[PDB]
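Inspection log for the structure reproduced underneath, given as structure tokens.
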Amino acid sequence: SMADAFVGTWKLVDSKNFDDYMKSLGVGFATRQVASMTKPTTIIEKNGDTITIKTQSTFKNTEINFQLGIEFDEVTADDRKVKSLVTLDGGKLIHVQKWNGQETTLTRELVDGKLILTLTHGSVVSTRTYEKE
Ligand SMILES: CCCCCCCCCCCCCCCC(=O)O
């Protein structure tokens, strides 16, 4: 499936408005200070219909395991306890998180060999560019 092309190890090389995105979510000053400095590595694995996404950095590490279209519980890096759903739309992996009546969407797409992660919360949009190792 289109999800197979995402498999690999990816390193952050560019970031726009991630602090705005964290501030919109309610991430505090001290975590924002450090998180703005991180250049995470994301490792994406797929085993049959189970997809694993690890995000790793010197600050915080996260891991999620999911199947497309099946809701799962997630505890985000900023300790939101969210209900999450990931689906494929064309070539885009769309990850929607919901908590406390709020919602944010993390979209992953391959563009010219790079992984573009778009983070949307309300009107705030952050774009994170990852390069394959
Ligand atoms: C796990 C390393 C990420 C460092 C940031 C931790 C505090 C902010 C968390 C906000 C939501 C997570 C957004 C993911 C960003 C990404 O994968 O590049």
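Following the order of the structure tokens, first chain is A, next is B, and so on, with residues numbered from 1 inside each chain and ligands from 1 in the order they appear.
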What residues in region 11-102 of chain A get the DSSP label helix (DSSP H, G or I)? Please answer as number ranges by chain. A: 18-25, 29-35
Within 12 Å of residue 111 (chain A), counting only C-alpha atoms, which residues qualify if same-chain residues fewer than 4 places away don't, as a PyMOL selection string? chain A and resi 5-6+91-92+115-117+129-132
Any residue with an atom at most 6 Å from ligand 1 counts, using only C-alpha atoms and all ligand atoms. Which are they? Put them as a list in words.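 So the residues close to ligand 1 are residues 22, 35, 40, 55, 56, 57, 60, 61, 62, 77 and 78 of chain A.
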List the spatial neighbours of residue 84 (chain A) as an mmCIF file with C-alpha atoms, in the first residue's frame - criterion: any atom at most 7 Å away, only C-alpha atoms, same-chain residues fewer than 2 positions off excluded.
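Writing done, so here's selection_29.cif:
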data_model
loop_
_atom_site.group_PDB
_atom_site.id
_atom_site.type_symbol
_atom_site.label_atom_id
_atom_site.label_comp_id
_atom_site.auth_asym_id
_atom_site.auth_seq_id
_atom_site.Cartn_x
_atom_site.Cartn_y
_atom_site.Cartn_z
ATOM 1 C CA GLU A 71 -8.834 4.160 16.866
ATOM 2 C CA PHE A 72 -6.123 3.875 19.527
ATOM 3 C CA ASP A 73 -5.146 5.544 22.791
ATOM 4 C CA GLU A 74 -2.012 7.685 22.679
ATOM 5 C CA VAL A 82 -5.589 11.541 23.197
ATOM 6 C CA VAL A 86 -4.563 7.265 11.312
ATOM 7 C CA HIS A 95 -3.164 11.224 12.048
ATOM 8 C CA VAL A 96 -5.992 12.924 13.981
ATOM 9 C CA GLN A 97 -5.732 13.357 17.761
ATOM 10 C CA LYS A 98 -8.643 14.306 20.015
#
So, counting only C-alpha atoms, which residue among A:102, A:120, A:87, A:15 is closest to residue 1 (chain A)? A:87
If we count only C-alpha atoms and set the cut-off at 6 Å, which residues sit around residue 44 (chain A), ignoring sequence neighbours fewer than 5 positions away in its own chain? Please answer as JSON, numbers by chain. {"A": [7, 8, 52, 53]}
Prev. selection, N, CA, C and O atoms, output as a PDB file, in the first residue's frame:
ATOM      1  N   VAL A   7       8.291   3.731   5.125  1.00  0.00           N
ATOM      2  CA  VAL A   7       9.133   2.932   6.010  1.00  0.00           C
ATOM      3  C   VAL A   7      10.582   3.372   5.888  1.00  0.00           C
ATOM      4  O   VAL A   7      11.124   3.496   4.778  1.00  0.00           O
ATOM      5  N   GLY A   8      11.219   3.602   7.026  1.00  0.00           N
ATOM      6  CA  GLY A   8      12.605   4.011   7.035  1.00  0.00           C
ATOM      7  C   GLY A   8      12.907   4.867   8.245  1.00  0.00           C
ATOM      8  O   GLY A   8      12.091   5.022   9.153  1.00  0.00           O
ATOM      9  N   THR A  52       4.340   1.115  12.972  1.00  0.00           N
ATOM     10  CA  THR A  52       4.979   1.649  14.169  1.00  0.00           C
ATOM     11  C   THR A  52       5.697   2.941  13.817  1.00  0.00           C
ATOM     12  O   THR A  52       6.464   2.977  12.854  1.00  0.00           O
ATOM     13  N   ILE A  53       5.465   3.992  14.601  1.00  0.00           N
ATOM     14  CA  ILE A  53       6.167   5.260  14.414  1.00  0.00           C
ATOM     15  C   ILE A  53       6.840   5.587  15.734  1.00  0.00           C
ATOM     16  O   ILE A  53       6.161   5.850  16.737  1.00  0.00           O
TER      17      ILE A  53
END
Interatomic distance, CA of residue 119 (chain A) to CA of residue 12 (chain A) (Å, one decimal):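 Pair CA of residue 119 (chain A) / CA of residue 12 (chain A) returns 14.1 Å.
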Distance in Å - CA of residue 118 (chain A) versus CA of residue 30 (chain A):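 One can read the CA of residue 118 (chain A) to CA of residue 30 (chain A) distance as 23.2 Å.
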A straight line from CA of residue 3 (chain A) to CA of residue 41 (chain A) spans 18.3 Å
